[PDB]
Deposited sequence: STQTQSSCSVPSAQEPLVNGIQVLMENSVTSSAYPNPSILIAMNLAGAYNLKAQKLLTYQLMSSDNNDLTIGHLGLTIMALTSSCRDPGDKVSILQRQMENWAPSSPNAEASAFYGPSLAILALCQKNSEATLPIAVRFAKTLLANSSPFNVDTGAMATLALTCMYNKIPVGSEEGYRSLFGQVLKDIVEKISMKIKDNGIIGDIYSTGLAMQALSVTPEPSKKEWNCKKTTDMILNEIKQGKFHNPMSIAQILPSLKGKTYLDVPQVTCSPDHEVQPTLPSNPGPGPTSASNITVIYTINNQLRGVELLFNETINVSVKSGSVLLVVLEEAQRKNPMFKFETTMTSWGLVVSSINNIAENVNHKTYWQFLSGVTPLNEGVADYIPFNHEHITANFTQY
């Protein structure tokens, strides 16, 4: 009802190639990219094989609940036995629970990914965990996250459709109800322009909407959203391979639920712009900061990361560390104080007062932008 117009296909093909082309021996092995190219039908068979091998050999002790889920699905989409990882994931999940009943919505993202994976390998063995998961989700009150909601509906839809014959005890009722719940919250996060939540959460939301068993009261204009996406691509919004990985499936009319059905082997300085960069902190382990600066970055371009690099050059001791992930460079430490996920604490970036929608290697700061780095919690 809202496929990509065969006229815009070249556009989709292009980003697919951009995304596959990012796979290299040093590149961070991204399971979402593998899933995406496999659901789309891979172009570059060497990149396909390389990534598949990097994941087959990933160490189970290096992966988080969500990594694990993603990696199990990626291998499966490459028609490779995940073996070991599913057992490991199953037991970690029987041991999972949120930090509290007021835990942030995104706390559920990884677990959603895991349940989806486990659901694909053995639905019945996953009921216990999924029932518990649905109840925990039903009980949470935090402000809604579309990305998480999307993942959660996929996982629950997977279960919803695999209710064991004979085992007829409101499991369907529970999952259906929580799904209805989430769809209502996903809808109503739907802008008039077609965006759902935000651009980088729209791809996942499209998968969820095309797959929940029960739509929301307010109808969703699918075409309006896919058209908005195509235009966004044409404006250079999807240059991040991970961002391509999250919309490609939708653009090809597939979702993570199609993974099990994948067919394999198919037939130093200054310049022109000056930015104002503040770094902050307020705390427990004391050590409070609050120091500004003005940086001279090139043209516009020199991503917001050049700003941080030059600021470290002036050496006001406020240097930093960066850590690699599926989305790119994450600023993990500033002036000798790291993120530490145990304390649900990290560095949040913002323009003025509003948080950035892109990372430091992607964002392009304007004229005299005041970009702050508050060390908050989530």
- Missing C-alpha runs, given along the deposited sequence, first residue counted as 1: 1-6, 274-288
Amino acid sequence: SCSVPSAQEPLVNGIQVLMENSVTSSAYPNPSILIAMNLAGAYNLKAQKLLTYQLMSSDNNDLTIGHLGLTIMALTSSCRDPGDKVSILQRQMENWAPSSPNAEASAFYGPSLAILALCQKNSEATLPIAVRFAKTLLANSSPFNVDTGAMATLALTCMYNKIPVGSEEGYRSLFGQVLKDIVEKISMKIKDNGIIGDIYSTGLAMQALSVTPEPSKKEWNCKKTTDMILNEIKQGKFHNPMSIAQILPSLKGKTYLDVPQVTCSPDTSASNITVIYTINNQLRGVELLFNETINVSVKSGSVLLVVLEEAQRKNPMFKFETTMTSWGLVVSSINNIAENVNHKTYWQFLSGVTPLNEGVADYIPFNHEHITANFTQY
From here on, numbers count along this sequence of modelled residues.
- Message: I need to verify one thing: averaged over C-alpha atoms only, is the B-factor higher for 218-226 or for 182-190?
- Response: 218-226
- Higher-B stretch (mean Cα B-factor, as the entry records it), 8-16 or 366-374: 366-374
- Query: From 271, 235, 87, 76, pick the one with the largest CA B-factor in the entry?
  - Reply: 271
- Note on the structure: Based on the PDB entry, the highest CA temperature factor among the options 55, 70, 353, 36 is that of 353
- Message: When the deposited Cα B-factors of this chain's modelled residues are ordered and cut into thirds, is residue 177 in the lowest, the middle or the highest one?
- Response: middle
- Third assignment of residue 212 from its chain's C-alpha B-factors: middle
- Message: What third of the chain does residue 286 rank in for C-alpha temperature factor, lowest, middle or highest?
- Response: highest
- Place residue 258 in the lowest, middle or highest third of its chain's C-alpha B-factors, as listed in the PDB entry. lowest
- State the tercile, meaning the lowest, middle or highest third, of residue 279 with respect to the CA B-factors recorded for its chain. highest
